[PDB]
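As structure tokens, the structure follows; a few thoughts come after it.
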Amino acid sequence: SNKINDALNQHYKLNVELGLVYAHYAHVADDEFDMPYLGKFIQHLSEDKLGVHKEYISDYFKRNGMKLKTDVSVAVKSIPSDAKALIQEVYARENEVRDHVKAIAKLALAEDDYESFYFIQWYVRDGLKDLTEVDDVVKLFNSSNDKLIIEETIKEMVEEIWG
Amino acid sequence: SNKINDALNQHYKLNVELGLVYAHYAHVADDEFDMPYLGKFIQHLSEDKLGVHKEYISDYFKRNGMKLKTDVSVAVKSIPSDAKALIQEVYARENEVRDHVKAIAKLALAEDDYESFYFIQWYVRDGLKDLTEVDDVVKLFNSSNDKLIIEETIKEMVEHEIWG
Amino acid sequence: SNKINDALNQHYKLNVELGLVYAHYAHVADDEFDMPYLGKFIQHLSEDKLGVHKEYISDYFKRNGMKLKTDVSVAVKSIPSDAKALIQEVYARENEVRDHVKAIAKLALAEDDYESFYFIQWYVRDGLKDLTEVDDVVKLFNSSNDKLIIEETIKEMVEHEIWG
Amino acid sequence: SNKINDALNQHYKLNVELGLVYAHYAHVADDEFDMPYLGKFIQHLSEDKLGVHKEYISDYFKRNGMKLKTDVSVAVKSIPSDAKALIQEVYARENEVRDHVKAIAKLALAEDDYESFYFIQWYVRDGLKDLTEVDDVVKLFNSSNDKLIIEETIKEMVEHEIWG
Amino acid sequence: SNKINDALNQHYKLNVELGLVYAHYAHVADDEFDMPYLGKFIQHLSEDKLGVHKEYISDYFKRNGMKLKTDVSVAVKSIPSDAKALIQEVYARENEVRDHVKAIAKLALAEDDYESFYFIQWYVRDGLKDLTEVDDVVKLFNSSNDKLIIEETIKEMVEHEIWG
Amino acid sequence: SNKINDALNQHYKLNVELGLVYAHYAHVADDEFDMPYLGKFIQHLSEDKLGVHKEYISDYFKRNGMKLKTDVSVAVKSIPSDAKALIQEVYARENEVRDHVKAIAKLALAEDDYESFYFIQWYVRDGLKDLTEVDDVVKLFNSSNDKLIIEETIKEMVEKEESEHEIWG
Ligand SMILES: [Fe+3]
Ligand SMILES: [Fe+3]
Ligand SMILES: [Fe+3]
Ligand SMILES: [Fe+3]
Ligand SMILES: [Fe+3]
Ligand SMILES: [Fe+3]
């Protein structure tokens with residue numbers, strides 16, 4: 001199917017670009033805002049996006065006989081002004097990933113392609129998982145004004161159905 | 001120093017783009033040429049370029065007070081026709097990395113910046129290491145015509161006191 | 001070489017005097033500002049400066065046939081007024097050590113003395129390491145106003161592949 | 001008490017300066033007289049004087065509310081001519097430390113200050129201990145003329161219920 | 001680079017010839033001067049020179065694409081008359097190796113060849129290490145007149161963080 | 001005995017020069033012919049010739065009161081053109097070592113010197129041992145045309161553990 005191939009190539013492109021942006025944001029949070037553990041958190045997000053999230057797509061293309069495309073273009077030239085606004089923009093990016101995955105699932109069920117549906121269930125689940133763990137950190141910036149307290153909470157964060 | 005900052009930002013950009021290109025080449029070698037172990041080899045190269053080779057630069061920028069820039073642009077739209085030509089183009093890329101690193105070292109010694117010299121010794125050594133391990137695979141395609149023999153040799157490859 | 005001998009004797013003198021000053025500052029931070037863990041931190045700095053940082057110089061003088069000189073003179077007559085200003089003056093001292101070491105390295109490379117260059121690489125690296133770990137503590141006094149929170153952070157501080 | 005504070009500050013100054021002088025003497029004995037184990041012995045003496053012998057004084061000042069002073073001034077510009085004369089001057093320094101400690105103890109008992117008496121018992125005992133272990137080495141230079149024999153005896157030295 | 005190739009071939013030749021000469025000297029010291037442990041020491045030196053000190057050069061030539069040459073010519077026709085004069089001539093040979101290595105390092109830094117500089121740091125360090133351990137034995141022949149005492153000292157010799 | 005001393009000094013000289021030549025050949029086989037395991041094999045040969053094969057002679061001279069001489073002169077200026085011709089020239093060198101050792105044994109038995117006979121039995125045995133293990137590799141270049149197959153065979157020859165024969169060990 002050509003439209004499933006197109007949709008999965010777009011998701012590949014998206015994952016690569018998000019990973020690079022998160023690497024830059026991790027550097028900015030640790031270096032400029034004096035929060036090294038928030039930086040570790042965003043860096044783990046980046047490595048997640050740059051690893052399995054595209055390994056699985058290229059493995060699937062190897063298995064079923066589809067074609068892979070590589071066309072990357074990113075440029076970070078504007079940065080939020082807090083750690084609050086930083087983690088809020090991270091939240092928005094994850095929320096967009098959810099809706100893109102939903103569109104893919106609908107498409108695959110409209111084509112009678114049940115292997116692609118089985119394949120995309122993984123991403124369906126992982127989207128809500130990642131959004132939940134990002135919102136856990138987003139909500140700490142409302143519960144406290146002291147940066148070292150938030151820091152130790154984040155540190156101890158980083159150290160059945162949605163598994 | 002501004003010129004050292006420029007040179008290190010360029011090396012960051014280069015490492016990112018090489019890693020992405022090697023990911024595509026690994027997929028092509030496994031899927032199109034029927035050589036899964038050559039693909040594993042090139043994929044390990046890709047992960048190497050996308051991991052520590054840029055972690056170290058961003059860590060150094062955190063330590064000494066320099067500024068990081070992100071501007072990536074890659075597009076793979078032409079592919080070699082063999083596994084031989086594929087690994088030969090990989091060899092050429094590594095050989096270019098060597099010369100870029102040499103230019104950086106010369107620059108850093110011209111500025112009386114000895115922490116940058118100490119820092120770039122790592123890349124100086126790793127360049128020759130990676131070129132050596134890529135040439136080991138390049139030379140197998142001259143020693144045999146049977147693809148399964150080359151395959152098992154590469155497999156048992158993937159499975160020093162100065163250049164360690 | 002006589003100028004390398006002079007430079008290394010000056011670095012010996014400097015290390016001794018810095019160690020003594022840091023011992024006094026550790027006592028002042030624990031006793032007068034009610035921060036015992038900041039005192040432990042500065043005391044570890046002092047022992048570092050009074051141990052290996054001069055053992056290595058005297059060992060090198062034994063190995064290559066140079067002469068050692070001892071002329072110490074310190075007097076603490078003024079103290080900062082916070083723990084913030086205290087750790088800030090500590091930061092300035094480390095930043096001066098960096099520049100002295102850089103001058104030594106330049107000198108040694110100008111004399112074709114490659115054993116002294118090899119020797120001073122250690123200090124080149126350790127300078128940035130110590131500056132980094134001191135700045136880690138300097139930046140905590142901007143992130144909080146409660147002394148007990150900063151205290152437990154410093155406590156859990158006190159309890160790399162290139163910069164190791 | 002002000003006179004006990006003065007006496008303990010003087011003992012602090014004395015310990016620092018003795019430690020530095022012993023570091024220089026250790027270097028001289030190993031490098032110039034060709035006796036590396038005598039150098040190890042004097043170096044252990046130096047580290048002893050620069051460690052606990054002043055840590056205890058500054059800890060006591062923290063506990064009872066006294067004030068610490070730092071005023072160091074040393075200059076080594078004359079050296080004995082043997083290893084015999086070297087260890088003999090070391091013996092004289094230890095013998096002076098004994099008498100200074102005795103004066104402190106008398107003073108503290110004259111002021112009805114029993115915590116300072118309890119504190120100085122440690123130094124009273126350690127003085128005779130250190131003098132005994134230095135005289136053990138001083139007497140070897142009378143029992144033999146061969147330097148390698150004395151050397152191996154000192155080496156196996158470096159490798160009580162009341163005076164423990 | 002051709003001049004670096006020439007210099008490294010000369011160092012190869014030198015190492016081979018020194019190893020052979022030290023083998024003969026070890027035999028002479030054990031057989032003719034009745035000092036078997038001095039012979040064991042010089043034989044360890046010989047095996048060191050004939051092993052890694054040329055294995056590394058040939059490995060480097062394999063890695064970077066240089067050419068190896070073999071042209072050996074030694075002839076022992078005169079021998080010192082003591083064990084003292086023997087170990088003194090050994091000291092002189094090591095001191096010449098140091099200066100040859102220094103010339104190589106200068107040359108390699110003049111050509112903008114940073115892999116050769118990185119490579120020769122090993123020899124720069126090992127030169128001073130070997131000179132130090134030879135001088136340790138040279139100085140024993142001044143500290144004693146009894147051959148059996150020197151023998152047991154050398155035996156227990158044969159049985160660092162910067163110079164390691 | 002002076003003639004036994006002469007013969008053993010010549011064998012010392014020969015062993016040193018063979019070791020150096022084998023070091024150069026190992027470098028050439030690994031670097032120029034793209035056969036790293038053949039290079040490892042020839043390098044083990046070189047270390048063998050430069051170690052015990054002259055340690056034993058100098059030890060014997062220490063024990064019985066003979067004199068040692070050192071006069072070395074080698075120059076490699078011509079190289080074979082294959083790995084086949086390389087291992088064939090190695091075979092010829094070992095075959096010459098055998099005949100030199102045989103001459104020594106005859107000489108020592110002609111002088112009523114039975115300690116030298118007892119001493120040279122070791123070299124008598126080791127000559128045939130080394131010739132056998134070199135011929136094992138020489139014959140692989142007739143059994144195959146693929147360089148990677150020969151390489152794998154040589155690898156399992158060199159890496160697997162050493163088993164001693166009950167007569168020739
Ligand atoms: Fe995920
Ligand atoms: Fe690498
Ligand atoms: Fe340090
Ligand atoms: Fe004591
Ligand atoms: Fe060595
Ligand atoms: Fe053999």
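Chain identifiers are assigned as A, B, and so on, following the order in which chains appear in the structure tokens; residues are numbered from 1 within each chain, and ligands are numbered from 1 in order of appearance.
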
Could you give me, as a PyMOL selection string, the residues within 8 Å of residue 46 of chain E, counting only C-alpha atoms and dropping anything in the same chain fewer than 6 positions from it? chain E and resi 18-23

Generate a file of the selected residues that holds N, CA and C atoms, formatted as a PDB file, in the first residue's frame.
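What follows is the written file out-v9.pdb:
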ATOM      1  N   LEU E  18      70.258  -2.199  19.926  1.00  0.00           N
ATOM      2  CA  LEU E  18      70.395  -2.094  21.375  1.00  0.00           C
ATOM      3  C   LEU E  18      69.980  -3.381  22.072  1.00  0.00           C
ATOM      4  N   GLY E  19      68.894  -4.008  21.619  1.00  0.00           N
ATOM      5  CA  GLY E  19      68.479  -5.260  22.233  1.00  0.00           C
ATOM      6  C   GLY E  19      69.543  -6.338  22.140  1.00  0.00           C
ATOM      7  N   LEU E  20      70.153  -6.481  20.961  1.00  0.00           N
ATOM      8  CA  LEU E  20      71.199  -7.493  20.817  1.00  0.00           C
ATOM      9  C   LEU E  20      72.401  -7.200  21.718  1.00  0.00           C
ATOM     10  N   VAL E  21      72.816  -5.930  21.785  1.00  0.00           N
ATOM     11  CA  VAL E  21      73.951  -5.580  22.636  1.00  0.00           C
ATOM     12  C   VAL E  21      73.646  -5.876  24.102  1.00  0.00           C
ATOM     13  N   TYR E  22      72.414  -5.599  24.542  1.00  0.00           N
ATOM     14  CA  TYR E  22      72.063  -5.867  25.933  1.00  0.00           C
ATOM     15  C   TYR E  22      72.020  -7.357  26.234  1.00  0.00           C
ATOM     16  N   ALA E  23      71.631  -8.185  25.263  1.00  0.00           N
ATOM     17  CA  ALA E  23      71.708  -9.631  25.472  1.00  0.00           C
ATOM     18  C   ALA E  23      73.146 -10.064  25.739  1.00  0.00           C
TER      19      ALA E  23
END

Report as a tab-separated table (two decimals) with C-alpha atoms, in the first residue's frame the set of chain F residues whose atoms approach chain E to within 9 Å, with distances computed over only C-alpha atoms.
chain	number	residue	atom	x	y	z
F	20	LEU	CA	64.77	-10.95	12.10
F	21	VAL	CA	63.95	-12.12	8.56
F	24	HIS	CA	59.95	-8.74	8.21
F	27	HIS	CA	54.84	-7.67	8.35
F	28	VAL	CA	54.86	-8.17	4.57
F	30	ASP	CA	49.83	-9.04	6.79
F	31	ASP	CA	50.30	-5.62	5.17
F	58	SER	CA	73.96	-18.99	26.07
F	59	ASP	CA	72.87	-20.95	29.16
F	61	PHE	CA	77.96	-21.66	27.52
F	62	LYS	CA	77.51	-20.35	31.05
F	63	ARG	CA	77.35	-23.89	32.44
F	65	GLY	CA	82.77	-22.63	30.40
F	68	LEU	CA	80.08	-16.37	23.33
F	69	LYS	CA	80.45	-14.23	20.20
F	70	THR	CA	78.04	-11.68	18.69
F	71	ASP	CA	78.34	-10.75	15.00
F	72	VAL	CA	74.99	-10.08	13.29
F	73	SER	CA	74.45	-8.85	9.73
F	74	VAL	CA	71.09	-9.05	7.92
F	75	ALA	CA	69.57	-7.08	5.05
F	76	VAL	CA	66.19	-7.83	3.49
F	77	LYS	CA	66.13	-6.37	-0.02

List all protein, DNA and RNA residues that have an atom no more than 8 Å from any atom of ligand 1, counting only C-alpha atoms and all ligand atoms, and report them as a PyMOL selection string. chain A and resi 45+48-49+53+123+126-127+129-130

Neighbours of ligand 4 within 8 Å, counting only C-alpha atoms and all ligand atoms, as a ChimeraX atom specification? /D:45,48-49,53,123,126-127,129-130

Go ahead and dump the residues you just picked, N, CA and C atoms, as a compact mmCIF listing (two decimals), in the first residue's frame.
# COMPACT_ATOMS: atom_id res chain seq x y z
N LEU D 45 56.59 11.55 58.59
CA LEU D 45 56.62 12.56 59.65
C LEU D 45 55.93 13.85 59.21
N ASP D 48 52.16 13.52 58.99
CA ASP D 48 51.64 13.51 60.35
C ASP D 48 51.51 14.93 60.91
N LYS D 49 52.56 15.73 60.77
CA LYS D 49 52.51 17.09 61.32
C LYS D 49 51.49 17.96 60.60
N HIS D 53 47.62 16.79 63.61
CA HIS D 53 48.18 17.68 64.62
C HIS D 53 47.63 19.09 64.54
N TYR D 123 48.65 15.27 73.04
CA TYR D 123 49.93 15.76 72.56
C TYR D 123 51.06 15.39 73.50
N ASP D 126 51.85 11.82 72.49
CA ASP D 126 52.37 11.68 71.14
C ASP D 126 53.77 12.25 71.01
N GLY D 127 54.14 13.21 71.86
CA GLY D 127 55.49 13.75 71.80
C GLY D 127 56.55 12.71 72.09
N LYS D 129 56.11 9.47 72.02
CA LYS D 129 56.04 8.44 70.99
C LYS D 129 56.89 8.79 69.77
N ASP D 130 56.71 10.01 69.24
CA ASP D 130 57.44 10.40 68.04
C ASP D 130 58.93 10.52 68.30

Quick one: everything within 9 Å of residue 108 of chain A, counting only C-alpha atoms, minus sequence neighbours fewer than 6 positions away in the same chain. Send it as a ChimeraX atom specification. /A:3-4,114-117,120

Using the selection just defined, write its residues with C-alpha atoms as a CSV table (one decimal), in the first residue's frame.
chain,number,residue,atom,x,y,z
A,3,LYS,CA,-0.5,5.6,1.4
A,4,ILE,CA,0.6,3.6,4.4
A,114,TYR,CA,-4.4,-5.6,9.4
A,115,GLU,CA,-0.6,-6.1,9.8
A,116,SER,CA,-0.2,-2.3,9.8
A,117,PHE,CA,-2.9,-2.0,12.4
A,120,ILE,CA,0.7,0.7,15.0

If the limit is 8 Å from any atom of ligand 6, counting only C-alpha atoms and all ligand atoms, which residues qualify? Return them as a VMD selection string. chain F and resid 45 48 to 49 53 123 126 to 127 129 to 130

Restricting it to N, CA and C atoms, dump the selection as a compact mmCIF listing (two decimals), in the first residue's frame.
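Below is the file selection-v8.txt, written as the result:
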# COMPACT_ATOMS: atom_id res chain seq x y z
N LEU F 45 56.65 -17.91 14.70
CA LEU F 45 57.92 -18.51 14.31
C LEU F 45 59.10 -17.61 14.68
N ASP F 48 59.77 -17.52 18.40
CA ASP F 48 60.41 -18.78 18.77
C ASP F 48 61.90 -18.76 18.48
N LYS F 49 62.28 -18.33 17.27
CA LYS F 49 63.70 -18.32 16.92
C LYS F 49 64.49 -17.32 17.75
N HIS F 53 65.62 -20.55 21.46
CA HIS F 53 66.63 -21.14 20.58
C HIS F 53 68.01 -20.53 20.76
N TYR F 123 67.44 -29.84 19.88
CA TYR F 123 67.34 -29.21 18.57
C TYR F 123 67.05 -30.23 17.48
N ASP F 126 63.29 -30.66 17.74
CA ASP F 126 62.52 -29.46 17.42
C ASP F 126 62.59 -29.12 15.94
N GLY F 127 63.66 -29.54 15.25
CA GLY F 127 63.74 -29.29 13.82
C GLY F 127 62.63 -29.96 13.04
N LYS F 129 59.85 -31.12 14.30
CA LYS F 129 58.57 -30.56 14.74
C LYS F 129 58.21 -29.29 13.96
N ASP F 130 59.14 -28.34 13.87
CA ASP F 130 58.85 -27.08 13.20
C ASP F 130 58.64 -27.28 11.70
